[PDB]
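Below sits a lone chain in structure tokens, taken as the form deposited in one PDB entry.
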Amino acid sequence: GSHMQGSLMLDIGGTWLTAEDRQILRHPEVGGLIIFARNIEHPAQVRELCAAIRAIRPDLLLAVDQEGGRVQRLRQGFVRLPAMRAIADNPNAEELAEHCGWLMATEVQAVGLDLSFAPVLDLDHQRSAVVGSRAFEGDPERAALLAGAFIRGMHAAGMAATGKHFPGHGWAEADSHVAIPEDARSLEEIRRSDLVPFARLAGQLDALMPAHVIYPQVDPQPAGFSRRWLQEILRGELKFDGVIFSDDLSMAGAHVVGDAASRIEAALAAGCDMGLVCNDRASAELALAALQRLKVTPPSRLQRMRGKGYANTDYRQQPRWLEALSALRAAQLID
């Protein structure tokens, strides 16, 4: 029996660290922090927030949701990025996708963060309100082609890639408040479609994040809690070797019985490496208490998500910066 490994990613209330923020960040079972709009004012201030955090924990993973389109936390002082769907609508989509990934990842690391939780490998079936323009395409193979180019872009900029939402949010409704959404199709239907982008890119992705979706013909549990999904299918059949983040263990509408302590245990037992407790500090502290009781140690592979860029004010003098700008301005994808 495994004396398990695992880690907690949490968040803070404001634009600078309170005393409780600093004390909770000191605990080694805490491995990450994700920022949101309420933490973000101007670029100089995000850089100071990140430096503040590194003064406490030089090893912490710092994350943000910076996709483009309708999901872009870093806005003021940043290039407004296109929705994934608009990228696909060009003759030269592959080159523009690579340019977008590179530009997003260099701007994100220029303010002190390691990673963006991107790209979305979900498929636009015109069915899930949480996908929509966040997906590249509805055709599986073209979505995998354009997302693979997006990932090449992030890598050249020095940033690890997190595909989501495994094994695909496209066919199931958009996590209503009445029930966990379901994708009722057979495993072979899913393998034939929504699983394809994850299958193509399993060798290039550094990390993955599951969908909060039950696929009852495969497992009665949401994918982020299923050993069949994460172990047998993802690590076994698709030979994925990277980091597994859980979904938001404290999300509104979760429909999971048990407090955050049993959920992070469940996430870790299923095969996740790091548990996300967003927007709920009281739950974050319960999940931390739980990791302490289990004497978890950090997953070995977690340091591979650290950014290889650095905090600077320099990148705009880099040669490639101006090509990305020109190419994307030509496609009317940015201004």
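In case it trips you up, residue 1 is the first one in the sequence shown, and so on. For clarity, a rigid core is taken as the largest C-alpha set superposing within 1.5 Å between two forms.
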Exercise. If we scan the other compared entries, does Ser186 go without coordinates in at least a third?
Worked result: no
Exercise. Do at least a third of the other compared PDB entries leave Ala174 without coordinates?
Worked result: yes
Exercise. So 138 to 146 or 114 to 122, which one's hotter by mean CA B-factor in the entry?
Worked result: 138 to 146
Problem set entry | Between the two ranges 10 to 18 and 313 to 321, the one averaging a larger CA B factor in the entry | 313 to 321
Exercise. Which one, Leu74, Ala252, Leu208, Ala83, has the peak C-alpha temperature factor per the PDB entry?
Worked result: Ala252
For this session: Check the PDB entry and point out which of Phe166, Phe78, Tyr215, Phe240 has the largest C-alpha temperature factor.
Result: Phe240
Exercise. Which third of the chain holds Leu187 when residues are ordered by C-alpha B factor: lowest, middle or highest?
Worked result: highest
Problem set entry | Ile35 CA temperature factor, ranked by third within the chain | lowest
Exercise. Within this chain, which third does the Cα B-factor at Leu294 fall in: lowest, middle or highest?
Worked result: highest
Seminar exercise, completed: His177: CA temperature factor from the record, placed by chain third, in the highest
Seminar exercise, completed: For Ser300, the third of its chain by CA B-factor is the highest
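Absent from the display: the form deposited in another entry. The rest refers to it.
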Problem set entry | Single mover in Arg227, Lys239, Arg192, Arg75, with Cα shift of 2 Å or more between the shown form and the other one when the core is superposed | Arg75
Problem set entry | Did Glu323 shift 2 Å or more between the shown form and the other one, C-alpha, core superposed | yes
Exercise. Hey, does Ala88 budge by 2 Å or more at the Cα between the shown form and the other one once the core is superposed?
Worked result: yes
Problem set entry | C-alpha of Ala252 moved at least 2 Å between the shown form and the other one on rigid core | yes
Exercise. Between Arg281 and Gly253, do the C-alpha atoms lie closer or farther in that other deposited form than in the shown form, with a difference of 3 angstroms or more?
Worked result: closer
For this session: Just say closer or farther for the C-alpha distance from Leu74 to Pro28 in that other deposited form, relative to the shown form; it changes by 3 Å or more.
Result: farther
